[PDB]
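Notes to accompany the following structure.
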Amino acid sequence: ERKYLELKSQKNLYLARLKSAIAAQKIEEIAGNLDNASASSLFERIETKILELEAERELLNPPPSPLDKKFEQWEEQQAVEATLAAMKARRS
Amino acid sequence: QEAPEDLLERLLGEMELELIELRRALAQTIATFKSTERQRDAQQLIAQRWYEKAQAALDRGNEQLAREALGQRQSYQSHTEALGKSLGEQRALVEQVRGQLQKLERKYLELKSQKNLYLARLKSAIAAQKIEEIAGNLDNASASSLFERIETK
Amino acid sequence: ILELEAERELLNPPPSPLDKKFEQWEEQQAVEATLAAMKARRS
Amino acid sequence: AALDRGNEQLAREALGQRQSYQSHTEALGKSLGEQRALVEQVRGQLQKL
Ligand SMILES: Nc1ncnc2c1ncn2[C@@H]1O[C@H](COP(=O)(O)OP(=O)(O)O)[C@@H](O)[C@H]1O
Ligand SMILES: Nc1ncnc2c1ncn2[C@@H]1O[C@H](COP(=O)(O)OP(=O)(O)O)[C@@H](O)[C@H]1O
């Protein structure tokens, strides 16, 4: 009788310790550590899936050249300079 | 396999259920520990009562009954020591289990604080990619863009 | 009963005894200051 | 008036008794300080609607 009571007084603690360890392990496989980049952590798999689509839609419709960006920026600067100069000069 | 985003939410819900299950199991563990502590206290109380009875029995001057009572209380003292030994380790173990649960809680909260941002970024990107296949570019003329197919038709 | 009493304690941690000591000392400081000034005001 | 007999024990008891009421008063004063600030914003929303 006493032996059985003693064993029943420990089954619960052992179950709790097993469950805590299982949950602790199951935490890792989702995120783990930020610097993993292991493609096993579910966040990196989402990140690669994002970048794949972002590049795939870029291939179909090419982005404008940096030369075009420089040209349009300079055109905007020339425009605003002309407006400000004539705008100061009109009230004068 | 399946799309990662749906299994992300499914796994997070399952993890929530497992966490509350762990909380309940730890509650039962601390309950049983308290019960064992109470039983140890009761046993030592009974041993003290037997010692007190022997104290009054010795007043007669017949030491034989005192010897009988003192030999009787030895088993109870041994049982009290046996339970005191086990408590000395169960108390040190439950604290570490509680610490593990406390850390897991914060980790889960942190992951749930980012699932939404990741889903929003995924939806924005897929919509941005889908915007193209209808029209794309005015000079695209790929016959895949739905406007050029209508124009040729 | 004990299971529920511990389970609701896990969800909302009780304060550490250090906080209890601190608040007890704060109460003692308050009562001593009040009684000292309270004696000294009529004097 | 309790300290008037010259025995400070009753004064100590009364001062220890009033501490709970002071704490409760402060607890309610903390909550009023935010409820008053929130009801005004709700009223403004209603007025604009
Ligand atoms: N301390 C650490 N810092 C950064 N990354 C780590 C660290 N420890 C492990 N990793 C990551 O773990 C990954 C290896 O896991 P992986 O090879 O994907 O698992 P499997 O072998 O099951 O495919 C590496 O990409 C590495 O970035
Ligand atoms: N910068 C651009 N200016 C004009 N048209 C472009 C540009 N980039 C891509 N295209 C268009 O993309 C089209 C090619 O797509 P297409 O070969 O029909 O797709 P798929 O390979 O799926 O059949 C070409 O007709 C071309 O006009």
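All residue names refer to the structure tokens as shown: chains lettered A, B, ... in order, residues numbered from 1 in each chain, ligands numbered from 1 in order.
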**OP:** Go through the chains and note each residue within 7 Å of ligand 1, using only C-alpha atoms and all ligand atoms, then give the set as a list in words.
**Re:**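 Here is the list of contacting residues: residues 35, 36, 37, 38, 39 and 40 of chain A.
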Counting only C-alpha atoms, give me one row per residue of chain D with an atom at most 12 Å from an atom of chain C, showing the shortest contact pair and its distance in Å to one decimal, sorted by chain then residue number, as a tab-separated table.
residue	atom	partner	partner_atom	distance
D:1	CA	C:38	CA	11.5
D:2	CA	C:39	CA	11.6
D:3	CA	C:39	CA	8.4
D:4	CA	C:39	CA	10.3
D:6	CA	C:39	CA	10.6
D:7	CA	C:39	CA	11.7
D:8	CA	C:35	CA	8.9
D:9	CA	C:35	CA	10.7
D:10	CA	C:35	CA	11.3
D:11	CA	C:35	CA	7.8
D:12	CA	C:35	CA	7.4
D:13	CA	C:31	CA	9.9
D:14	CA	C:31	CA	10.0
D:15	CA	C:31	CA	6.5
D:16	CA	C:31	CA	6.8
D:17	CA	C:31	CA	10.2
D:18	CA	C:31	CA	9.9
D:19	CA	C:27	CA	8.0
D:20	CA	C:27	CA	10.2
D:22	CA	C:27	CA	11.4
D:23	CA	C:27	CA	10.6
Go ahead and write the residues just picked, N, CA and C atoms, as a JSON list (two decimals), in the first residue's frame.
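And here's part_36.json as it stands now:
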[["chain", "number", "residue", "atom", "x", "y", "z"],
["D", 1, "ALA", "N", -8.61, 64.09, 19.59],
["D", 1, "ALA", "CA", -9.04, 64.00, 20.98],
["D", 1, "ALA", "C", -8.52, 62.75, 21.67],
["D", 2, "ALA", "N", -8.15, 61.72, 20.91],
["D", 2, "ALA", "CA", -7.68, 60.48, 21.52],
["D", 2, "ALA", "C", -6.37, 60.70, 22.26],
["D", 3, "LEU", "N", -5.46, 61.49, 21.68],
["D", 3, "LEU", "CA", -4.20, 61.68, 22.39],
["D", 3, "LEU", "C", -4.35, 62.52, 23.65],
["D", 4, "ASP", "N", -5.52, 63.12, 23.88],
["D", 4, "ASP", "CA", -5.69, 64.04, 25.00],
["D", 4, "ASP", "C", -5.52, 63.37, 26.36],
["D", 6, "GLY", "N", -3.33, 61.44, 27.21],
["D", 6, "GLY", "CA", -1.92, 61.21, 27.46],
["D", 6, "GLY", "C", -1.41, 59.84, 27.10],
["D", 7, "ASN", "N", -2.27, 58.95, 26.60],
["D", 7, "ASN", "CA", -1.88, 57.61, 26.19],
["D", 7, "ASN", "C", -1.83, 57.64, 24.66],
["D", 8, "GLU", "N", -0.65, 57.35, 24.12],
["D", 8, "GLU", "CA", -0.45, 57.41, 22.67],
["D", 8, "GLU", "C", -0.89, 56.15, 21.95],
["D", 9, "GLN", "N", -1.23, 55.08, 22.68],
["D", 9, "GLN", "CA", -1.59, 53.83, 22.02],
["D", 9, "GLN", "C", -2.86, 53.97, 21.20],
["D", 10, "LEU", "N", -3.86, 54.67, 21.73],
["D", 10, "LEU", "CA", -5.09, 54.89, 20.98],
["D", 10, "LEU", "C", -4.83, 55.72, 19.73],
["D", 11, "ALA", "N", -3.95, 56.72, 19.84],
["D", 11, "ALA", "CA", -3.58, 57.51, 18.67],
["D", 11, "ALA", "C", -2.90, 56.64, 17.62],
["D", 12, "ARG", "N", -2.01, 55.74, 18.05],
["D", 12, "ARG", "CA", -1.38, 54.82, 17.11],
["D", 12, "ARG", "C", -2.41, 53.93, 16.43],
["D", 13, "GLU", "N", -3.37, 53.43, 17.20],
["D", 13, "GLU", "CA", -4.41, 52.58, 16.61],
["D", 13, "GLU", "C", -5.23, 53.35, 15.58],
["D", 14, "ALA", "N", -5.62, 54.59, 15.90],
["D", 14, "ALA", "CA", -6.41, 55.38, 14.96],
["D", 14, "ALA", "C", -5.62, 55.70, 13.70],
["D", 15, "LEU", "N", -4.34, 56.06, 13.86],
["D", 15, "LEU", "CA", -3.52, 56.37, 12.70],
["D", 15, "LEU", "C", -3.31, 55.14, 11.82],
["D", 16, "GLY", "N", -3.11, 53.98, 12.43],
["D", 16, "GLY", "CA", -3.04, 52.75, 11.65],
["D", 16, "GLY", "C", -4.35, 52.38, 10.99],
["D", 17, "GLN", "N", -5.48, 52.71, 11.60],
["D", 17, "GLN", "CA", -6.79, 52.46, 11.02],
["D", 17, "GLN", "C", -7.07, 53.34, 9.81],
["D", 18, "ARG", "N", -6.68, 54.61, 9.86],
["D", 18, "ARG", "CA", -6.99, 55.52, 8.76],
["D", 18, "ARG", "C", -6.17, 55.24, 7.51],
["D", 19, "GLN", "N", -5.12, 54.43, 7.61],
["D", 19, "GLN", "CA", -4.25, 54.20, 6.46],
["D", 19, "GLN", "C", -4.98, 53.47, 5.34],
["D", 20, "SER", "N", -5.83, 52.50, 5.68],
["D", 20, "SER", "CA", -6.58, 51.79, 4.66],
["D", 20, "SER", "C", -7.51, 52.73, 3.90],
["D", 22, "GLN", "N", -7.13, 55.99, 3.56],
["D", 22, "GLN", "CA", -6.30, 56.85, 2.72],
["D", 22, "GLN", "C", -5.88, 56.14, 1.44],
["D", 23, "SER", "N", -5.49, 54.87, 1.56],
["D", 23, "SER", "CA", -5.09, 54.11, 0.38],
["D", 23, "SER", "C", -6.26, 53.95, -0.59]]
**OP:** Report as a VMD selection string the set of chain B residues whose atoms approach chain C to within 7 Å, with distances computed over only C-alpha atoms.
**Re:** chain B and resid 24 27 to 28 31
File dump, residues just selected, N, CA and C atoms, as an mmCIF file, in the first residue's frame:
data_model
loop_
_atom_site.group_PDB
_atom_site.id
_atom_site.type_symbol
_atom_site.label_atom_id
_atom_site.label_comp_id
_atom_site.auth_asym_id
_atom_site.auth_seq_id
_atom_site.Cartn_x
_atom_site.Cartn_y
_atom_site.Cartn_z
ATOM 1 N N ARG B 24 -2.015 23.634 -16.498
ATOM 2 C CA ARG B 24 -2.867 22.787 -15.664
ATOM 3 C C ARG B 24 -2.069 21.663 -15.004
ATOM 4 N N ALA B 27 -0.204 22.980 -12.109
ATOM 5 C CA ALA B 27 -1.113 23.208 -10.990
ATOM 6 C C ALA B 27 -1.359 21.924 -10.207
ATOM 7 N N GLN B 28 -1.619 20.822 -10.910
ATOM 8 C CA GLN B 28 -1.820 19.560 -10.198
ATOM 9 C C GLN B 28 -0.570 19.156 -9.424
ATOM 10 N N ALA B 31 -0.329 21.100 -6.248
ATOM 11 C CA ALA B 31 -1.353 20.621 -5.322
ATOM 12 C C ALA B 31 -0.900 19.363 -4.584
#
Sorted per-residue table, chain A near ligand 2, closest atoms and distance, 8 Å, only C-alpha atoms and all ligand atoms, as a Markdown table:
| residue | atom | partner | partner_atom_place_in_ligand_line | distance |
| --- | --- | --- | --- | --- |
| A:60 | CA | ligand 2 | 9 (C) | 6.0 |
| A:61 | CA | ligand 2 | 8 (N) | 5.2 |
| A:62 | CA | ligand 2 | 1 (N) | 5.6 |
| A:63 | CA | ligand 2 | 1 (N) | 7.8 |
Let me see the file: selected residues, N, CA, C and O atoms, as a PDB file, in the first residue's frame.
ATOM      1  N   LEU A  60       9.067  40.651 -64.719  1.00  0.00           N
ATOM      2  CA  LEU A  60       8.076  40.817 -65.777  1.00  0.00           C
ATOM      3  C   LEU A  60       7.977  42.274 -66.213  1.00  0.00           C
ATOM      4  O   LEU A  60       7.902  42.568 -67.411  1.00  0.00           O
ATOM      5  N   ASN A  61       7.979  43.202 -65.257  1.00  0.00           N
ATOM      6  CA  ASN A  61       7.923  44.635 -65.539  1.00  0.00           C
ATOM      7  C   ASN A  61       9.190  45.273 -64.990  1.00  0.00           C
ATOM      8  O   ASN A  61       9.282  45.562 -63.789  1.00  0.00           O
ATOM      9  N   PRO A  62      10.186  45.505 -65.838  1.00  0.00           N
ATOM     10  CA  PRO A  62      11.472  46.026 -65.363  1.00  0.00           C
ATOM     11  C   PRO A  62      11.309  47.375 -64.690  1.00  0.00           C
ATOM     12  O   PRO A  62      10.516  48.214 -65.138  1.00  0.00           O
ATOM     13  N   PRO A  63      12.044  47.618 -63.609  1.00  0.00           N
ATOM     14  CA  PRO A  63      12.024  48.933 -62.973  1.00  0.00           C
ATOM     15  C   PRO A  63      12.824  49.928 -63.792  1.00  0.00           C
ATOM     16  O   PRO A  63      13.684  49.530 -64.591  1.00  0.00           O
TER      17      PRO A  63
END
Original post:
atom CA of residue 71 of chain B and atom CA of residue 47 of chain B, how far apart in Å?
Top reply: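 Between atom CA of residue 47 of chain B and atom CA of residue 71 of chain B the gap works out to 11.3 Å.
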Original post:
Please, which residues of chain C, numbered as in this document, come out alpha helix (DSSP H) from DSSP, as number ranges by chain?
Top reply: C: 2-11, 17-42
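Going from atom CA of residue 20 of chain A to atom CA of residue 90 of chain B covers 15.9 Å.
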What's around segment 49-52 of chain A at 10 Å? Count only C-alpha atoms, leave out sequence neighbours fewer than 3 positions away in its own chain, and write the answer as a PDB file with N, CA and C atoms, in the first residue's frame.
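Result written to result34.pdb:
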ATOM      1  N   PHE A  43       9.645  31.497 -40.117  1.00  0.00           N
ATOM      2  CA  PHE A  43       9.706  32.900 -40.511  1.00  0.00           C
ATOM      3  C   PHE A  43      10.624  33.099 -41.712  1.00  0.00           C
ATOM      4  N   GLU A  44      11.738  32.367 -41.763  1.00  0.00           N
ATOM      5  CA  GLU A  44      12.633  32.494 -42.908  1.00  0.00           C
ATOM      6  C   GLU A  44      11.994  31.938 -44.174  1.00  0.00           C
ATOM      7  N   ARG A  45      11.193  30.880 -44.042  1.00  0.00           N
ATOM      8  CA  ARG A  45      10.478  30.361 -45.201  1.00  0.00           C
ATOM      9  C   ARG A  45       9.480  31.378 -45.738  1.00  0.00           C
ATOM     10  N   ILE A  46       8.862  32.163 -44.856  1.00  0.00           N
ATOM     11  CA  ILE A  46       7.987  33.241 -45.303  1.00  0.00           C
ATOM     12  C   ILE A  46       8.795  34.366 -45.939  1.00  0.00           C
ATOM     13  N   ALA A  55      10.800  39.693 -56.503  1.00  0.00           N
ATOM     14  CA  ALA A  55      11.682  39.681 -57.664  1.00  0.00           C
ATOM     15  C   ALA A  55      10.979  39.182 -58.921  1.00  0.00           C
ATOM     16  N   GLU A  56      10.047  38.239 -58.780  1.00  0.00           N
ATOM     17  CA  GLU A  56       9.368  37.686 -59.944  1.00  0.00           C
ATOM     18  C   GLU A  56       8.506  38.737 -60.626  1.00  0.00           C
ATOM     19  N   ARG A  57       7.776  39.535 -59.844  1.00  0.00           N
ATOM     20  CA  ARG A  57       6.997  40.602 -60.461  1.00  0.00           C
ATOM     21  C   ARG A  57       7.887  41.708 -61.004  1.00  0.00           C
ATOM     22  N   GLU A  58       9.115  41.829 -60.498  1.00  0.00           N
ATOM     23  CA  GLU A  58      10.038  42.826 -61.025  1.00  0.00           C
ATOM     24  C   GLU A  58      10.601  42.394 -62.372  1.00  0.00           C
TER      25      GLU A  58
ATOM     26  N   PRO B   4       2.709  27.965 -46.214  1.00  0.00           N
ATOM     27  CA  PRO B   4       3.214  28.159 -44.845  1.00  0.00           C
ATOM     28  C   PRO B   4       2.319  29.007 -43.957  1.00  0.00           C
ATOM     29  N   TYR B 118       3.807  39.758 -40.621  1.00  0.00           N
ATOM     30  CA  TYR B 118       4.246  38.895 -41.715  1.00  0.00           C
ATOM     31  C   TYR B 118       3.096  38.574 -42.667  1.00  0.00           C
ATOM     32  N   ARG B 121       2.473  41.634 -44.901  1.00  0.00           N
ATOM     33  CA  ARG B 121       3.466  41.750 -45.964  1.00  0.00           C
ATOM     34  C   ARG B 121       3.235  40.722 -47.061  1.00  0.00           C
ATOM     35  N   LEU B 122       2.855  39.497 -46.698  1.00  0.00           N
ATOM     36  CA  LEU B 122       2.588  38.493 -47.724  1.00  0.00           C
ATOM     37  C   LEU B 122       1.418  38.906 -48.609  1.00  0.00           C
ATOM     38  N   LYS B 123       0.333  39.382 -47.994  1.00  0.00           N
ATOM     39  CA  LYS B 123      -0.837  39.760 -48.778  1.00  0.00           C
ATOM     40  C   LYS B 123      -0.546  40.945 -49.690  1.00  0.00           C
ATOM     41  N   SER B 124       0.192  41.942 -49.197  1.00  0.00           N
ATOM     42  CA  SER B 124       0.530  43.082 -50.041  1.00  0.00           C
ATOM     43  C   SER B 124       1.339  42.643 -51.254  1.00  0.00           C
ATOM     44  N   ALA B 125       2.327  41.770 -51.042  1.00  0.00           N
ATOM     45  CA  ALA B 125       3.172  41.331 -52.147  1.00  0.00           C
ATOM     46  C   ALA B 125       2.385  40.523 -53.169  1.00  0.00           C
ATOM     47  N   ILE B 126       1.511  39.622 -52.714  1.00  0.00           N
ATOM     48  CA  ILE B 126       0.766  38.817 -53.680  1.00  0.00           C
ATOM     49  C   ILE B 126      -0.197  39.694 -54.473  1.00  0.00           C
TER      50      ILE B 126
END
